[PDB]
Structure formats: structure tokens, C-alpha cells
């Protein structure tokens, strides 16, 4: 008479999640304010246990208590509009689940407001794309821990499974913790794609490699430690030829699009005081990407060196490979330092090892790399920074020679390497016992009387320099 879970908003992401839930033996109610999308789902659901509803009242009354309602509607005001309409129809203990690409600060607000109406609110990050939602995504749910455990069985059944069987879902933390770490996953994803793009730019501009050799190189890289979904599809992309047997990717306009999640991570890092240089450079790299016609006009006015390489290209290709793997470690080390601080500031008590665990499959950044981050936190739960992990430390201690060679060669040949440059600069600053920040403190004391501390004496000092 009543279904076990309900899904509002039946675009392709909501349709696929509901179908995923139904494929595991659960009964699902579906509703869409525009009932035409409900009418096509039912025809695409011949045989499936999908119960359509054509009103919020009928939808809510269709669900067993405590009601489990998954919100898969457009982010922003539509989500708040759907919440406000449901609130009069719900009963105490009902559970709302926002699976959209929501800013975590809105989730904090909705969770706080709804809780005063005795209503549970789970903001859940969902990663994996359209195909990921239909077969097994990465799921980052945050909110009331008790309400999570009441829906954990459903989430665990639909989530992607790692090679050790563990489902790629776990309780992240209170209120907005889930949507927060989904935002950080996307920020990490930005840097992964930009580092691949810089490897690609070096192979094309500096080495003059054809699209076939570019694809084969990424495939060879994918058979080793760099194995990842993004590197896999990068190999497939350079295989996709077009009308006249040319690389289709070479005819795509170089203007990188964006939703909020990219700039949101960088803004949050700045607010928290975390040096998220690599991801931020990637976000900034998308900004420069978008002013195409301005760059086209600047290319005719500003000259640079002509890229040339007189050495062994296969040896240098391997240096790019080392540079890519080391830059991932530096980028992830920054992203996990941000989550550690956000956990502390928001009192989320995050378990960073669990985040790497649920990112091993389902999500876009999924890679064997994620298993070694989990190994890092499994070996040392108090690990203060990824660079200090014994395995990762041994890598960057080795690969730094190739990363320096790759950056310096890119700079002398006019090939921009913002992600590579940021990684090596992060490694050199983080390991530096003494930075030139003492001169910054001396200047601020000069013109602003901002005082300073000393390296030998303890206390606060001010100096009349002139």
C-alpha cells in the first residue's frame, strides 16, 4: 500500500537513482511537478516497481513512515520551494535527502530550520554522472546520524562497490558535511583535469606528439600507479576521430565551462586559511580559458619562445609522468588539509580515511591512488599531511627531480604549467623551515605598526626602523 522511498524530480539524474533503488528490490514512489516527465518514466518502467504520483499530497501519503524522500531537483530556489511545500505534509521524524549539487552552506541552513520542525535533512553529494547514478555512484551524505542509519541500507545497496566489496558510501558528518566534501571532490577533480591538460600541452607543444602517440602514452600511464578514470577517458578521447580522420578533441573550443563547485572550494580555502594553490590555479586556469577572443588578440601582440626539445622524448615523457603523479600527491595533500580544517571549524569530526575509501569507485576522481590515501590514514589516523606518509614521502622524494625538470622546461619553452608550478612550489614551501615571511613581517611593522614575534626571544615586539 505504501512504498519504501520516494524520489521528487525525475530528470535523468533522478530517474537513474530511482531506477537504481528499484533494481535492488526496493519500492519507489516518484513525483515531478511537471507531470509529463512522470508520464515518460512510467512507460520506461514497464515491469519495475515504480509508483507514480501526481501531487505532493499523494506522494507523501504514498510512503511508509518514517518517510524517506530523495530530492533531485534544480539547485537553489527550486530546492527550497520543494522543501517548503513538503513541510506542511510531513510528520515528525520524516527524512528529506537533497542529492543535488548544493552549496553546503544552504544545507546547513535547511538542516537547521527543518530540525526545529522535527524533520531530518540529509544533504548528500552524488558523484559519477548519469551512468554512475544508474549503476553505482559515490555518495557523501551528511546530516542527522540517526536518520542516515535509517536509510543506510538503501544507500549501501545502490552505491558503487570497491574491490574489497565496501560500498562507496558512509556517514560523513552532521548537517552540511556531506555536501562540503562533495564540493572538495570537485575541486580536486578540477586540478586532476588541469594537470592532465598540462601533460597534454607538453606532449603536443613541446614534444610534437601526434594524437595517436598521445592516446597511447595515456594508456601506458593508466596501466601503472597513475591508473584513474580521468586518465582512462583521456586515452579514449584522443582516439575519437571525426569526419576526415582527425582528432575530434583538437577541434573543440578551448573555453572550459564551470558550475559553482570549483570556485566554492577555493573561496572556502581562503576563508579557512588553507593554501589550496593547485586547485585554485586550476579554477583560475578555467577563467583565462574563457576569454578566448581576448587571448587570440593577445597572441598577436605578445611574443614568446618557440617550443623546442633536443633531448630524448621518451625519457622526458617519463618525467612528465612522474610530474603528474607527484602533483596529484601535492594537490590531494592540500585538499585533505582543507577538510581537516573544515572538520575542526565546523566540528564535523571527519574521518579522512573514510573519504578516500568511498572515493575509490563511483566518483570521477576514482583511482588506485585513492587506495593509497586510505592506506595512509589506515596506517596513521593522526597523519598531519599526506606528504608525511611513508609511501607518498618516498614518491615525492624521488619524483621531485622530474617535476623540477618538467616545470623549468615548460617555463623556458613558453608552455604554461600552473598546476605543475604550484605543486613544486607547494612542496618547496611546506618543507621550508625558514620562509621569507620575516621580511613581510618587518614591512608590516614598518608602515602599519603591526608588531611581530622573534625566532629566539618569545614575546611581541615593535621597532622604529628608520
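Positions refer to the first chain, counted from 1.
As stated in the PDB record, which stretch has the larger average Cα B-factor, 256-264 or 221-229?
If you average the C-alpha B-factors of 256-264 and of 221-229, the larger mean comes out for 256-264.
Averaging only over Cα atoms, indicate whether 272-280 or 128-136 has the higher B-factor in the PDB entry.
It is 128-136.
Highest Cα B-factor in the deposition, which of 346, 289, 175, 74?
That would be 74.
Which third of the chain does residue 35 land in by C-alpha B-factor: lowest, middle or highest?
According to the entry, residue 35 has a C-alpha B-factor in the chain's highest third.
Please place residue 417 in the lowest, middle or highest third of its chain according to the CA B-factor in the PDB entry.
Lowest third of the chain for residue 417's C-alpha B-factor.
Among the modelled residues of its chain, does the C-alpha B-factor of residue 424 lie in the lowest, middle or highest third?
Lowest third.
According to the PDB entry, is the CA B factor of residue 332 in the bottom, middle or top third of its chain, that is, lowest, middle or highest?
Its C-alpha B-factor belongs to the lowest third of this chain's values.
By its CA B factor, does residue 187 count among the lowest, middle or highest third of the modelled residues in the chain?
According to the entry, residue 187 has a C-alpha B-factor in the chain's lowest third.
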